[PDB]
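Proteins come first, then strands; the chains are lettered A, B, ... in the order of their sequence lines, and each starts at number 1.
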Amino acid sequence: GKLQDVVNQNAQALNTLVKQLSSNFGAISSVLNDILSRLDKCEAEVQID
Amino acid sequence: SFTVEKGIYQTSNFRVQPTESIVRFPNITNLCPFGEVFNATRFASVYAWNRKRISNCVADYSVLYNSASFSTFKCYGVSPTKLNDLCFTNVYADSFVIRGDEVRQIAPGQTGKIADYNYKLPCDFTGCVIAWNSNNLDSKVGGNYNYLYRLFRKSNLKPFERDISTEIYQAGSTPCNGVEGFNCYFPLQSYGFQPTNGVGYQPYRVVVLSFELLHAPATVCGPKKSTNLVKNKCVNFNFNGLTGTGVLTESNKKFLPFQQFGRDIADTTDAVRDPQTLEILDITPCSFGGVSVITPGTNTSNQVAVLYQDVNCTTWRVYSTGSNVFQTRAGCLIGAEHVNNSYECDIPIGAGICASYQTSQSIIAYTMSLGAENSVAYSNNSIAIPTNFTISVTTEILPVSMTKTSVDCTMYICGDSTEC
Amino acid sequence: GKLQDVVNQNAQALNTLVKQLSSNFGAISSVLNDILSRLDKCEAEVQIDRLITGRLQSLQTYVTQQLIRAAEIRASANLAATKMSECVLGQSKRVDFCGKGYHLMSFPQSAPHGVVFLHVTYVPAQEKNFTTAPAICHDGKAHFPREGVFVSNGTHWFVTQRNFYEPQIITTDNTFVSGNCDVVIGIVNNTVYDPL
Amino acid sequence: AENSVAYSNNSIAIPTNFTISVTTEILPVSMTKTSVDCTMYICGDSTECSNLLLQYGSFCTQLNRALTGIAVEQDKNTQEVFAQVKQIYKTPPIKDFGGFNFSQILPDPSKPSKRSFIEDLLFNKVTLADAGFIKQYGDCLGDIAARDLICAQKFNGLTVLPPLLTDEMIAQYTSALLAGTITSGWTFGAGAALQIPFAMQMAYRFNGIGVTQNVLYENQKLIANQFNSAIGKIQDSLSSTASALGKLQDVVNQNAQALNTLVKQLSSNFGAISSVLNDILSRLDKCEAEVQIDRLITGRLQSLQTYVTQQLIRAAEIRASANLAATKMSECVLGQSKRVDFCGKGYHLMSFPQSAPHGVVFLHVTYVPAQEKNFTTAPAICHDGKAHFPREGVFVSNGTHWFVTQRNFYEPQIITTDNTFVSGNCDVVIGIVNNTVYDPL
Ligand SMILES: *[C@@H]1O[C@H](CO)[C@@H](O[C@@H]2O[C@H](CO)[C@@H](O)[C@H](O)[C@H]2NC(C)=O)[C@H](O)[C@H]1NC(C)=O
Ligand SMILES: *[C@@H]1O[C@H](CO)[C@@H](O[C@@H]2O[C@H](CO)[C@@H](O)[C@H](O)[C@H]2NC(C)=O)[C@H](O)[C@H]1NC(C)=O
Ligand SMILES: *[C@@H]1O[C@H](CO)[C@@H](O[C@@H]2O[C@H](CO)[C@@H](O)[C@H](O)[C@H]2NC(C)=O)[C@H](O)[C@H]1NC(C)=O
Ligand SMILES: *[C@@H]1O[C@H](CO)[C@@H](O[C@@H]2O[C@H](CO)[C@@H](O)[C@H](O)[C@H]2NC(C)=O)[C@H](O)[C@H]1NC(C)=O
Ligand SMILES: *[C@@H]1O[C@H](CO)[C@@H](O[C@@H]2O[C@H](CO)[C@@H](O)[C@H](O)[C@H]2NC(C)=O)[C@H](O)[C@H]1NC(C)=O
Ligand SMILES: *[C@@H]1O[C@H](CO)[C@@H](O[C@@H]2O[C@H](CO)[C@@H](O)[C@H](O)[C@H]2NC(C)=O)[C@H](O)[C@H]1NC(C)=O
Ligand SMILES: CCCCC/C=C\C/C=C/CCCCCCCC(=O)O
Ligand SMILES: *[C@@H]1O[C@H](CO)[C@@H](O)[C@H](O)[C@H]1NC(C)=O
Ligand SMILES: *[C@@H]1O[C@H](CO)[C@@H](O)[C@H](O)[C@H]1NC(C)=O
Ligand SMILES: *[C@@H]1O[C@H](CO)[C@@H](O)[C@H](O)[C@H]1NC(C)=O
Ligand SMILES: *[C@@H]1O[C@H](CO)[C@@H](O)[C@H](O)[C@H]1NC(C)=O
Ligand SMILES: *[C@@H]1O[C@H](CO)[C@@H](O)[C@H](O)[C@H]1NC(C)=O
Ligand SMILES: *[C@@H]1O[C@H](CO)[C@@H](O)[C@H](O)[C@H]1NC(C)=O
Ligand SMILES: *[C@@H]1O[C@H](CO)[C@@H](O)[C@H](O)[C@H]1NC(C)=O
Ligand SMILES: *[C@@H]1O[C@H](CO)[C@@H](O)[C@H](O)[C@H]1NC(C)=O
Ligand SMILES: *[C@@H]1O[C@H](CO)[C@@H](O)[C@H](O)[C@H]1NC(C)=O
Ligand SMILES: *[C@@H]1O[C@H](CO)[C@@H](O)[C@H](O)[C@H]1NC(C)=O
Ligand SMILES: *[C@@H]1O[C@H](CO)[C@@H](O)[C@H](O)[C@H]1NC(C)=O
């Protein structure tokens with residue numbers, strides 16, 4: 001189990017990093033494409049930042 | 001805390017406050033053409049909007065208070081309160097006349113006939129939109145039809161693009177072949193401006209001032225006065241609207257004619273071309289150098305020593321000289337008496353120097369001793385053997401664990417708040 | 001103080017984490033209730049998002065510091081386990097691993113968040129000078145000590161153990177013979193008693 | 001290299017000669033101590049920015065607490081590695097060490113800093129970024145044309161603090177260790193320093209690795225010559241290239257790179273309209289400049305926190321290395337280690353410390369068997385129905401006669417009652433052979 005713990009920890013870290021792409025982080029959406037299709041670069045730059 | 005334990009503490013770096021303030025603006029005295037722009041007898045149509053360059057003038061804009069009253073005045077990229085303290089690089093006034101209801105369309109990121117087909121603004125637009133009613137001027141009995149707007153276009157305009165073409169618009173499928181008819185419209189239509197219209201159908205004169213700030217040489221300046229230039233002193237400077245604090249020194253840098261500022265890789269301004277005398281001045285922060293405070297306990301005494309790193313003591317950059325000033329290799333120590341003896345370290349200054357509080361009572365600084373200095377009688381035929389021994393019990397203390405901690409996110413971040 | 005440092009560090013970290021709830025983090029206030037009583041959810045959501053981001057960051061900073069401190073504590077605990085195995089459960093020949101001197105034994109004692117080892121060690125005390133030789137020539141042969149060293153109090157030559165002065169008369173069983181007595185440098189002349 | 005080995009149930013290989021090999025192990029001990037001024041990195045010479053930063057005092061206090069802990073840890077690491085011995089022993093004026101030549105690792109009083117020649121080489125290989133700690137304001141003001149990185153660091157609140165122990169003091173500590181381990185051996189680490197001739201104590205060490213002391217006395221000249229040649233080879237190797245000391249240059253480069261990256265990260269907008277405080281304050285009033293300055297403060301605080309986290313991790317690595325260096329100082333300089341490959345390749349004889357920038361260099365003197373020879377062997381010999389086993393040795397034969405020899409050196413001895421011991425009869429043991437055992441009169 002000591003080596004399986006290493007493997008599982010690495011896989012879990014990568015999967016968590018993938019999962020964390022659904023957060024808005026204060027923007028109006030978590031999707032770049034939705035922001036760019038709903039707003040012009042004018043104020044889309046703020047959300048993308 | 002109100003009590004400080006014995007030791008050495010890193011305080012803030014040595015700070016120098018600015019002694020005075022200076023302002024350096026270009027040597028120009030003419031007033032900007034407010035009359036030719038705002039007091040113009042004949043404005044342009046929105047579809048063919050008039051762009052005028054403004055250069056080499058002072059933008060007081062308090063001469064407009066006497067007569068001009070502006071229905072809308074919105075500034076993007078700059079606060080209205082700072083316009084008197086800035087210089088503007090390349091200034092253009094775009095003038096035209098529109099309907100009252102269409103003044104809202106003169107803004108970044110707008111849609112409508114004016115925004116799409118006649119006059120388009122960028123969203124990276126630094127400048128001020130000004131609009132005021134002109135019913136008494138641009139409206140006459142029977143309808144003033146001298147002002148035109150484009151009603152039909154195949155595609156939206158690019159920002160600051162002008163389209164004066166009068167080709168027939170093909171709204172339908174069949175070509176028009178240069179003649180009007182069904183689904184074949186003349187693209188331009190005239191405003192019907194009558195003095196008895198509603199305020200949303202009354203003419204409005206619009207001036208859009210476009211400029212950049214604090215990146216290039218400027219010839220349009222605010223009404224600020226100019227102060228004599230002083231060097232080699234920490235000052236508050238205002239160079240062409242760019243404010244800051246620092247020491248101004250002569251420079252060996254050779255600016256190209258189109259450059260006004262120079263920057264680090266951190267984008268902070270190093271060098272500036274003085275707008276009055278065409279010379280390059282390097283700007284340096286006037287706060288520099290580490291400072292450390294050596295103290296015994298505040299319950300023991302209130303005396304402290306100060307170690308000024310990166311100063312030499314052999315007009316110093318120190319808070320107070322006093323006496324007992326001497327130079328170590330860790331910096332200049334002020335407030336500690338040097339002694340020729342060597343003891344075990346109590347407060348490590350650095351670079352082999354330590355300090356202590358000794359008896360009358362004062363802080364002393366010394367070179368720490370590595371230990372008792374001795375030799376050993378080595379020989380090719382002499383040995384040393386023990387005839388006795390001791391049983392010694394020593395103590396070694398080792399941490400094993402620490403406190404186990406759990407955190408409730410919802411309660412630390414959002415304590416007893418449901419919406420949170 | 002090594003264990004009090006651990007306790008103080010943990011307490012200080014928790015107290016700092018409590019203190020960091022007074023920061024606006026760019027919002028209009030550091031209090032959720034003030035924001036919610038002054039603004040509707042309409043624009044209160046923005047300020048609350050700012051506060052959430054900031055407090056999450058504070059928590060992440062705390063957890064990172066705790067992980068680093070846990071790594072340090074785990075290193076110390078691994079060392080303590082090694083000392084428990086090699087000095088309490090045995091005798092260590094490693095120098096200065098368990099006390100200063102030649103390690104005899106060790107005793108463990110529990111302490112809050114730690115262990116205290118009482119290392120009992122042997123320290124030579126009263127050294128005395130002697131004249132010495134690597135070997136002695138007896139009958140053209142060279143005699144070397146087995147486990148000891150040749151010493152002399154000026155007149156007679158004895159063989160003694162190394163960490164304690166216990167002189168013994170030179171004897172065939174004390175020494176061993178290898179080769180003649182000219183190649184070795186520093187060799188001296190003495191007799192070797194042969195037991196009957 | 002791919003090879004085999006001639007294994008057999010009755011064949012042994014024993015060395016008839018040896019070599020004295022001096023190897024080099026380089027270990028980091030400390031790294032650069034760094035202090036950060038938050039108000040000056042984040043809010044350089046801006047008062048309104050400082051007033052806005054005032055509410056992040058807890059964050060900046062914990063940053064500086066972590067960095068102060070790192071600095072104290074570095075000082076402690078150096079203290080544990082180098083200040084193990086409490087007394088400063090001196091080298092004797094006479095260097096009658098039985099033919100051994102330590103002139104190239106002992107200090108000389110010609111140069112000011114009493115460093116050995118090898119220490120001087122180690123100093124010269126690795127190049128320090130700071131090259132001092134006094135960089136006056138006038139100097140940084142005078143070289144604005146030059147893009148000096150230290151001045152750029154110090155103008156943004158990033159200072160490097162000096163180590164407590166200078167290179168002279170660390171060199172003095174190493175000199176004391178050399179004097180103690182040459183004139184006294186391992187006795188000065190276990191208590192009072194007891195003098196002993198160097199040859200007799202290298203023979204003690206030879207006994208420690210399982211070789212009889214008579215070998216050393218019979219080959220003293222050869223051993224001394226081999227040691228001197230190995231020291232000379234180390235000297236030439238150090239004088240040739242600088243890539244050997246890359247482990248310490250990595251520490252120096254990592255610290256410098258971290259500080260320079262932290263300086264470079266001041267050009268980020270962090271969502272504000274500019275990365276410059278002065279541009280924001282000259283273009284907007286405090287009204288909405290406070291928002292942009294808050295964004296910049298948050299971002300720069302985050303950059304500082306990232307720097308401090310990386311520094312804490314690097315400090316943990318350096319502390320592990322320094323603990324290893326202290327263990328090696330205790331177990332190989334202050335004693336003889338029986339742990340395999342802990343101090344050099346081969347059977348460890350002794351070790352010498354040398355100071356290096358931010359580190360230590362151990363010259364491990366080891367015993368390496370050189371010239372192996374094949375022999376036929378037996379676990380035991382049957383003499384009169386009894387079984388004889390060697391006490392500390394092995395039975396060998398050159399084809400005709402049977403001898404008993406020590407294990408790490410071919411020193412055959414005639415079989416004798418004192419060489420062997422008897423236990424049981426000579427049928428249960430397998431591989432036992434027949435031979436006579438001489439009984440002395
Ligand atoms: C700028 O000029 C080009 C060329 O006249 C325009 O692109 C054409 O638009 C018409 C619309 O029906 C198309 O039929 C052409 O095929 C296009 N040609 C090319 C090369 O793109 C373009 O619309 C104009 N852009 C603006 C803002 O006026
Ligand atoms: C070795 O040292 C011990 C003490 O460290 C000596 O024991 C002491 O001897 C004196 C004189 O007889 C007494 O007054 C003390 O009471 C003894 N102390 C203890 C703890 O026993 C001992 O005599 C020394 N032995 C030799 C051979 O020198
Ligand atoms: C130790 O004993 C041997 C033998 O008695 C000494 O060797 C003799 O030395 C003298 C003068 O050097 C010679 O005349 C003899 O021929 C030597 N005899 C033999 C058998 O070698 C030796 O000199 C003595 N060494 C010391 C330091 O006393
Ligand atoms: C053991 O090896 C050493 C060298 O590693 C041998 O010493 C060399 O012997 C040759 C021939 O006499 C000389 O040319 C060299 O000058 C010697 N080198 C050194 C450093 O001394 C030694 O002879 C070997 N001993 C045995 C028994 O084989
Ligand atoms: C030990 O080795 C050195 C050479 O590595 C011998 O030569 C001395 O080298 C140093 C510095 O290179 C000089 O200061 C000396 O002048 C050199 N000595 C001579 C006689 O030339 C040194 O002699 C050797 N030590 C002994 C005792 O032989
Ligand atoms: C080693 O010596 C013993 C005794 O001489 C040998 O044992 C004898 O072996 C022969 C043949 O196996 C028998 O006839 C004798 O009766 C044995 N005598 C005793 C006392 O046991 C033994 O064979 C020899 N082994 C080797 C390999 O030579
Ligand atoms: C009654 C049917 C409406 C259905 C449309 C639904 C979604 C699209 C929203 C479109 C914008 C509304 C018309 C505004 C016209 C521009 C006014 C201007 O010149 O500035
Ligand atoms: C006035 O303007 C000129 C540049 O045309 C410049 O040479 C001069 O220095 C300015 N006057 C002063 C007092 O700087
Ligand atoms: C603009 O016109 C009015 C009247 O014609 C006049 O009073 C005013 O001074 C003029 N303003 C400017 C800036 O010329
Ligand atoms: C400070 O000094 C006083 C003695 O006047 C003593 O009572 C007190 O315990 C000390 N406090 C600390 C923290 O040292
Ligand atoms: C400046 O400090 C250094 C030591 O840090 C010293 O050598 C030098 O003399 C000092 N400068 C002067 C003019 O004394
Ligand atoms: C210390 O020693 C120096 C010379 O070695 C001497 O000049 C100085 O007066 C001494 N100072 C004190 C306080 O003894
Ligand atoms: C041994 O000899 C040296 C010098 O001859 C002397 O300093 C030392 O004190 C002697 N040792 C003892 C225990 O007296
Ligand atoms: C040396 O020890 C022996 C035996 O105790 C004794 O006979 C002799 O007198 C001693 N000599 C000296 C100089 O102490
Ligand atoms: C030991 O040293 C002394 C003086 O240094 C010398 O006279 C003597 O010859 C040396 N003896 C040996 C065996 O080296
Ligand atoms: C010992 O025997 C093997 C094979 O019999 C041979 O390869 C090897 O070279 C021999 N060892 C030596 C030192 O010759
Ligand atoms: C083995 O060693 C002995 C003693 O040196 C010698 O008499 C004998 O000839 C040697 N035999 C062989 C095969 O080397
Ligand atoms: C050793 O090996 C050889 C061949 O593998 C075999 O003939 C012999 O019997 C073996 N001897 C012993 C004691 O195992």
Pick from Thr121(C), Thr132(C), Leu79(C) with the largest number of heavy-atom pairs that fall under 4.5 Å of chain D: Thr132(C)

If you count heavy atoms of other groups shown closer than 6.0 angstrom to CD of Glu317(D), is the number above 12? no

Per-residue contact mode, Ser58(D) against chain C (heavy atom under 4.5 angstrom): both

Contacting region of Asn323(D) [heavy-atom separation from chain C under 4.5 Å]: neither

Mind listing the closest non-hydrogen atom pair of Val95(C) and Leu334(D) along with its distance? CG1-O, 3.8 Å

Is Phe59(D) close to chain C through its backbone or its side chain, or both, or neither, when contacts mean heavy atoms under 4.5 Å? both

Out of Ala190(D), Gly57(D), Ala203(D), which one racks up the most heavy-atom pairs below 4.5 Å with chain C? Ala190(D)

Check each atom of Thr16(C) against the heavy atoms of chain D and say whether the ones under 4.5 Å are side chain, backbone, both or neither. side chain

Counting only heavy atoms closer than 4.5 Å, note whether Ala199(D) contacts chain C via side chain, backbone, both or neither. neither

Side-chain donor-acceptor pair under 3.5 Å between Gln65(C) and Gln62(D), yes or no? no

Let me know which of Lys128(C), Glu127(C), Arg162(C) forms a side chain to side chain contact (heavy atoms under 4.5 Å, CB included) with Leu194(D). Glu127(C)

Under 4.5 Å heavy-atom distance to chain D, tell me which part of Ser178(C) shows up: side chain, backbone, both or neither. both

For chain D, the option from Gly26(C), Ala75(C), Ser23(C), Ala135(C) that forms the most heavy-atom pairs under 4.5 Å: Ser23(C)

Side chain, backbone, both or neither: which part of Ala133(C) has an atom under 4.5 Å from a heavy atom of chain D? backbone

Bottom line for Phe176(C): the part with an atom under 4.5 Å from chain D's heavy atoms is side chain

Got a donor-acceptor contact below 3.5 angstrom from the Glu331(D) side chain to the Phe97(C) backbone? no

To the nearest 0.5 Å, what is the distance between OH on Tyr102(C) and OG1 on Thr187(D)? 6.5 Å

Which one, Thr61(C), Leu67(C), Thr64(C), leads in non-hydrogen pairs under 4.5 Å with chain D? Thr61(C)

Once you round to the nearest 0.5 Å, how far does CG of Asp418(D) lie from CG of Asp173(C)? 10.5 Å

Contacting region of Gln305(D) [heavy-atom separation from chain C under 4.5 Å]: side chain

Given a strict heavy-atom distance threshold of 4.5 Å, which part of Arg295(D) is in contact with chain C: side chain, backbone, both, or neither? neither

Does any backbone or side-chain atom of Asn24(C) lie under 4.5 Å from a heavy atom of chain D? Answer side chain, backbone, both or neither. both

Separation of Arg146(C) CZ from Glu392(D) CD (nearest 0.5 Å): 12.0 Å

Other residues, nucleotides, ligands: >12 heavy atoms within 6.0 Å of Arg38(C) CZ: yes

The interface call for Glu218(D) against chain C, heavy-atom contacts under 4.5 Å, is both

For chain C, the option from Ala316(D), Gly189(D), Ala315(D), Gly191(D) that forms the most heavy-atom pairs under 4.5 Å: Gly189(D)

Heavy atoms, side chains only, cut-off 4.5 Å: are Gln220(D) and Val184(C) in contact? no

Can you tell me which portion of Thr61(D) sits under 4.5 Å from chain C's heavy atoms? Options are side chain, backbone, both or neither. neither

To the nearest 0.5 Å, what is the distance between NZ (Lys221(D)) and CD1 (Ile185(C))? 7.5 Å

Looking at chain C, which one of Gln302(D), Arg339(D), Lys338(D) has the largest number of heavy-atom pairs inside 4.5 Å, strictly under? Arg339(D)

